[PDB]
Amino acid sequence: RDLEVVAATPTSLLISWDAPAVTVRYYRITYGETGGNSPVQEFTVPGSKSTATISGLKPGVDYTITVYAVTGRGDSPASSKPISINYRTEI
């Protein structure tokens, strides 16, 4: 799987990823300021989608963004390998 920022502004972005081979219940999107000490933020995206908007970001900051797939067949790392990327918002 390959995650990418397809559209962005200094304060928000649109991410897109490849759906895994398995049926997904939902995805967990987590994001945080890279090298920051605040708790990561998290939101859910329905399993039928593969894009999501992230808002409330700060301009010119590096964020670590990760997607996790959760299946309705058992929760633990036994769902789907996380996909992550580092992306710096423009100024």
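The first residue of the shown sequence is 1; numbering continues from there.
Look at the mean CA B-factor for 16-24 and for 67-75 in the entry; the higher one is 67-75.
Relative to its counterpart among 56-64 and 34-42, 34-42 has the higher mean temperature factor, C-alpha atoms as listed in the PDB entry. Split the chain's modelled residues into thirds by C-alpha temperature factor. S84 is in the middle one. In the deposited entry, the Cα temperature factor of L3 sits in the top third of values across the chain's modelled residues.
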